[PDB]
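Engineer: After the structure tokens below, expect a handful of questions from me.
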Amino acid sequence: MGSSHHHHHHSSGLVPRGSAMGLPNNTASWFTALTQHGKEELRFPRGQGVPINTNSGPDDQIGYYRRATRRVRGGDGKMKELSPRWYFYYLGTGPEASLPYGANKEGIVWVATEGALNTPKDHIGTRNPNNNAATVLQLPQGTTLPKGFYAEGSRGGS
């Protein structure tokens, strides 16, 4: 004490203890999710498949969407059940780029750009409450939605 103060090192608990993280360190969701209400699953039409994106893949605009199902306790003990939606998961090389690139699944919809070249560029998908909101995808002119699907959302008004 007095002069030269060291970090928070009481020197009582040797054990590291990461406050039981088990959650996204600093990544919430730097993007939106296509809410599917129809009777089908996500699967953007031909042409591109994946939104315009921002910088989650220079020459490797590939990836997939993970069907996210959130629940909300409406009223006093009610269940509204948040509108089902799939969150975008950019993919290329710089970032994870570990997956098999097209690992077909049940609640997962894979999609690759018109010929992924594979390039370095990782620095997204981390909407840490302090950095910035989510760029939220924006399908090009076409790339419409399947049977009865609702675009990412894009809340009109930040």
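Here, A, B, ... name the chains of the structure tokens in the order displayed, residue numbers run from 1 inside each chain, and ligands are numbered from 1 in the same displayed order.
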Skipping near chain neighbours, those fewer than 2 positions away, what residues fall within 10 Å of residue A:58 using only C-alpha atoms, listed as a PyMOL selection string?

Structural biologist: chain A and resi 53-56+60-61+92-93+116-122

Engineer: Can you write out the residues you just picked, keeping N, CA, C and O atoms, as a PDB file, in the first residue's frame?

Structural biologist:
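Writing done, so here's part.pdb:
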```
ATOM      1  N   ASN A  53     -23.356  -8.435 -46.665  1.00  0.00           N
ATOM      2  CA  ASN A  53     -22.299  -8.422 -45.659  1.00  0.00           C
ATOM      3  C   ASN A  53     -21.558  -7.088 -45.660  1.00  0.00           C
ATOM      4  O   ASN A  53     -21.862  -6.196 -46.451  1.00  0.00           O
ATOM      5  N   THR A  54     -20.582  -6.958 -44.767  1.00  0.00           N
ATOM      6  CA  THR A  54     -19.798  -5.732 -44.664  1.00  0.00           C
ATOM      7  C   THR A  54     -18.324  -6.000 -44.944  1.00  0.00           C
ATOM      8  O   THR A  54     -17.767  -5.507 -45.925  1.00  0.00           O
ATOM      9  N   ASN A  55     -17.696  -6.786 -44.075  1.00  0.00           N
ATOM     10  CA  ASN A  55     -16.286  -7.121 -44.227  1.00  0.00           C
ATOM     11  C   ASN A  55     -15.977  -8.467 -43.579  1.00  0.00           C
ATOM     12  O   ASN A  55     -14.890  -8.674 -43.040  1.00  0.00           O
ATOM     13  N   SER A  56     -16.944  -9.378 -43.633  1.00  0.00           N
ATOM     14  CA  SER A  56     -16.779 -10.704 -43.050  1.00  0.00           C
ATOM     15  C   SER A  56     -16.379 -11.722 -44.112  1.00  0.00           C
ATOM     16  O   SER A  56     -16.810 -12.876 -44.074  1.00  0.00           O
ATOM     17  N   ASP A  60     -14.355 -14.504 -49.840  1.00  0.00           N
ATOM     18  CA  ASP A  60     -14.870 -15.753 -49.291  1.00  0.00           C
ATOM     19  C   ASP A  60     -16.180 -15.520 -48.549  1.00  0.00           C
ATOM     20  O   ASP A  60     -16.318 -15.889 -47.383  1.00  0.00           O
ATOM     21  N   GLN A  61     -17.139 -14.907 -49.232  1.00  0.00           N
ATOM     22  CA  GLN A  61     -18.437 -14.627 -48.635  1.00  0.00           C
ATOM     23  C   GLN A  61     -19.234 -15.913 -48.441  1.00  0.00           C
ATOM     24  O   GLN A  61     -20.268 -16.115 -49.074  1.00  0.00           O
ATOM     25  N   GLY A  92     -14.939 -17.724 -43.816  1.00  0.00           N
ATOM     26  CA  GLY A  92     -13.963 -17.523 -44.868  1.00  0.00           C
ATOM     27  C   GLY A  92     -12.655 -18.229 -44.580  1.00  0.00           C
ATOM     28  O   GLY A  92     -12.501 -19.411 -44.889  1.00  0.00           O
ATOM     29  N   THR A  93     -11.712 -17.507 -43.985  1.00  0.00           N
ATOM     30  CA  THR A  93     -10.414 -18.079 -43.655  1.00  0.00           C
ATOM     31  C   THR A  93      -9.824 -17.434 -42.405  1.00  0.00           C
ATOM     32  O   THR A  93      -9.465 -18.125 -41.451  1.00  0.00           O
ATOM     33  N   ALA A 116     -16.013 -19.210 -53.602  1.00  0.00           N
ATOM     34  CA  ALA A 116     -15.202 -18.640 -52.535  1.00  0.00           C
ATOM     35  C   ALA A 116     -13.714 -18.843 -52.815  1.00  0.00           C
ATOM     36  O   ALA A 116     -13.265 -19.965 -53.047  1.00  0.00           O
ATOM     37  N   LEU A 117     -12.959 -17.749 -52.800  1.00  0.00           N
ATOM     38  CA  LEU A 117     -11.522 -17.802 -53.063  1.00  0.00           C
ATOM     39  C   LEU A 117     -10.715 -18.025 -51.784  1.00  0.00           C
ATOM     40  O   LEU A 117      -9.568 -18.469 -51.841  1.00  0.00           O
ATOM     41  N   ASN A 118     -11.311 -17.710 -50.633  1.00  0.00           N
ATOM     42  CA  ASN A 118     -10.635 -17.876 -49.348  1.00  0.00           C
ATOM     43  C   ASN A 118      -9.591 -16.782 -49.136  1.00  0.00           C
ATOM     44  O   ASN A 118      -8.543 -16.776 -49.782  1.00  0.00           O
ATOM     45  N   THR A 119      -9.887 -15.855 -48.227  1.00  0.00           N
ATOM     46  CA  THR A 119      -8.975 -14.755 -47.931  1.00  0.00           C
ATOM     47  C   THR A 119      -9.036 -14.367 -46.456  1.00  0.00           C
ATOM     48  O   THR A 119     -10.016 -14.653 -45.767  1.00  0.00           O
ATOM     49  N   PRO A 120      -7.978 -13.712 -45.952  1.00  0.00           N
ATOM     50  CA  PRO A 120      -7.899 -13.284 -44.555  1.00  0.00           C
ATOM     51  C   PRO A 120      -8.685 -12.003 -44.283  1.00  0.00           C
ATOM     52  O   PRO A 120      -8.608 -11.041 -45.046  1.00  0.00           O
ATOM     53  N   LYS A 121      -9.440 -12.003 -43.187  1.00  0.00           N
ATOM     54  CA  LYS A 121     -10.244 -10.847 -42.801  1.00  0.00           C
ATOM     55  C   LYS A 121     -11.190 -11.205 -41.658  1.00  0.00           C
ATOM     56  O   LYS A 121     -12.357 -11.530 -41.882  1.00  0.00           O
ATOM     57  N   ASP A 122     -10.679 -11.147 -40.431  1.00  0.00           N
ATOM     58  CA  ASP A 122     -11.477 -11.467 -39.252  1.00  0.00           C
ATOM     59  C   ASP A 122     -11.547 -10.275 -38.302  1.00  0.00           C
ATOM     60  O   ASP A 122     -10.520  -9.724 -37.908  1.00  0.00           O
TER      61      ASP A 122
END
```

Engineer: Restricting the calculation to only C-alpha atoms: of A:138, A:27, A:11, A:48, which residue gets closest to residue A:113?

Structural biologist: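 Ranked by minimum distance to residue A:113, first place goes to A:48.
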
Engineer: Could you name the residues that touch residue A:110 at 7 Å or less, counting only C-alpha atoms, but leaving out those on the same chain fewer than 5 positions away, as a PyMOL selection string?

Structural biologist: chain A and resi 63-65+102+104

Engineer: Under the rule of at most 10 Å, produce a per-residue listing of stretch 108-138 of chain A near stretch 83-90 of chain A: chain, number, name, the closest pair of atoms, and the distance in Å, as a Markdown table, using only C-alpha atoms.

Structural biologist:
```
| residue | atom | partner | partner_atom | distance |
| --- | --- | --- | --- | --- |
| A:108 | CA | A:86 | CA | 8.3 |
| A:109 | CA | A:86 | CA | 8.7 |
| A:110 | CA | A:89 | CA | 9.4 |
| A:111 | CA | A:90 | CA | 9.9 |
| A:112 | CA | A:90 | CA | 9.8 |
| A:122 | CA | A:90 | CA | 9.6 |
| A:124 | CA | A:90 | CA | 8.4 |
| A:125 | CA | A:89 | CA | 7.6 |
| A:136 | CA | A:88 | CA | 8.9 |
| A:137 | CA | A:88 | CA | 7.9 |
```
